[PDB]
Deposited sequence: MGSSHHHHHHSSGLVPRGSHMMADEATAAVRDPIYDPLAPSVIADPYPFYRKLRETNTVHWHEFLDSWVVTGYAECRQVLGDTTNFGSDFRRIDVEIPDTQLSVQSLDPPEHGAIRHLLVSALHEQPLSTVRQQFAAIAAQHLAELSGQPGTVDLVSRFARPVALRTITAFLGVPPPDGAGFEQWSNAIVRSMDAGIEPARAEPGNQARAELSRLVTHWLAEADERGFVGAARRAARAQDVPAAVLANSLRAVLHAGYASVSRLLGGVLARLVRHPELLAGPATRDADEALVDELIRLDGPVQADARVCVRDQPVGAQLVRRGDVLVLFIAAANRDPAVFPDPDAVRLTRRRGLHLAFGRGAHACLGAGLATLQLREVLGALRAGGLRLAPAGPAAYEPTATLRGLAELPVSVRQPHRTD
């Protein structure tokens, strides 16, 4: 199982299933990590911050204070910055946020109307919508789209540095570049928007800046890839949009689309205290990679796991994580995807495949390089 093999990148889910069917907790000796593909096992590890952690300092690893961030802190320190970010999130009026998200999606869809040739929905919709959406929420001017994607691409590829260590350095350079952008916004941001509210709430300055950088990039990188993957499914299966289109029906549809096309394929933890996971005893110091995308296809929990089923129980999928580190933006992301579905229906356009979906060579975060379609 080479996670970056071209055949795996083309469609990793049959490989996930082969792993899950043989052992829900495999030891990957070359990555020196457990590979967890079972739903119960991923859900266990994600919620148990007592025995499994994200702060490597809890296994005696030196981490400078300048590099601490919400995603690499565990309780009790995690609660302060986490609460700060949630407070700033909850100060944003949702009527304004939904109007902004709906306008952005509609504007970029209308720009596709009348395109006689082939259009790439990744670069023409998923990425610009995600970038304007996150910066609108943050209350800051959008950076150059092509330039920002170059930085983000380097960062996303660096998440696979455990597989290809050469990917680390381009990511460090892109991270430092996003740091300067966040520093400018902190000094200059309007009182309106998430940045202004975070600043007021504030926690050491380095934790705040690093956490805002995570909000920015986690938002852009995840939303753009979620939209790309959802769009790829909709173009092949337009019947998914021909449903009741009520608020409750769309709630179920959106939940399934996130379960199936949630872009996070791998979510890592370190074992702080020995604990059984699946059939295995995991040991303090062991790294675990939770294949949460694979867990979301576990047939024990999601019968007909590769299909949209509109009658499943809500609150099951792990695409937003679970527990203390559950996605800060899960509500924003679901709201945003809901508005995209509404914009597609109101646009009336017919998007037909004009070539194969092509995927980037990224294993931790799954993303399309291109989604060629015909606007109609």
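S.K.: In sequence order, what intervals of the deposited sequence carry no C-alpha positions?
M.R.: Unmodelled stretches, in sequence order: 1-34, 237-240, 415-420.
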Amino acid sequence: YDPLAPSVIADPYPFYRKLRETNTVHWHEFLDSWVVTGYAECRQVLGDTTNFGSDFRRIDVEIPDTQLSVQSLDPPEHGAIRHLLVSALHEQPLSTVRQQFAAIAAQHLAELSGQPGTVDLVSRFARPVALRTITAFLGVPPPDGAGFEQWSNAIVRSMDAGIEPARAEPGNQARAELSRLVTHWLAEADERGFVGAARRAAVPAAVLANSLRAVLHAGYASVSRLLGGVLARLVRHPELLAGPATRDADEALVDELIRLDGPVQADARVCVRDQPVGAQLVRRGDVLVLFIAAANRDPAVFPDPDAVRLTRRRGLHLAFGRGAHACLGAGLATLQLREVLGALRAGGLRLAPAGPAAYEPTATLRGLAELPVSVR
From here on, numbers count along this sequence of modelled residues.
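S.K.: Decide which of the stretches 34-42 and 54-62 has the higher mean C-alpha B-factor, going by the entry.
M.R.: Looking at the recorded C-alpha B-factors, 54-62 comes out higher on average.
S.K.: Mean CA temperature factor from the deposited coordinates, higher in 169-177 or in 219-227?
M.R.: Of 169-177 and 219-227, the stretch with the higher C-alpha B-factor average is 169-177.
S.K.: Using only the C-alpha B-factors in the record, can you name which of 68, 330, 310, 318 has the highest?
M.R.: Highest C-alpha B-factor among the listed residues goes to 68.
S.K.: Hey, out of 112, 129, 292, 86, whose CA B-factor is highest in the deposited coordinates?
M.R.: In the PDB entry, the greatest C-alpha B-factor among 112, 129, 292, 86 is found at 112.
S.K.: In terms of the CA temperature factor given in the entry, to which third of its chain does residue 118 belong: lowest, middle or highest?
M.R.: Residue 118: CA B-factor falls in the highest third of its chain.
S.K.: Sorting by Cα B-factor within the chain, modelled residues only, which third would residue 306 end up in: lowest, middle or highest?
M.R.: Lowest third, going by the recorded CA B-factors of the chain.
S.K.: Looking at the temperature factor on the CA atom of residue 297, which third of the chain's modelled residues does it land in?
M.R.: Residue 297: CA B-factor falls in the lowest third of its chain.
S.K.: Which third, lowest, middle or highest, does the C-alpha temperature factor of residue 82 belong to within its own chain?
M.R.: Bottom third by C-alpha B-factor.
S.K.: Could you tell me which third, lowest, middle or highest, the C-alpha B-factor of residue 371 occupies within its chain?
M.R.: As the PDB entry reports it, the C-alpha B-factor of residue 371 lands in the lowest third of its chain.
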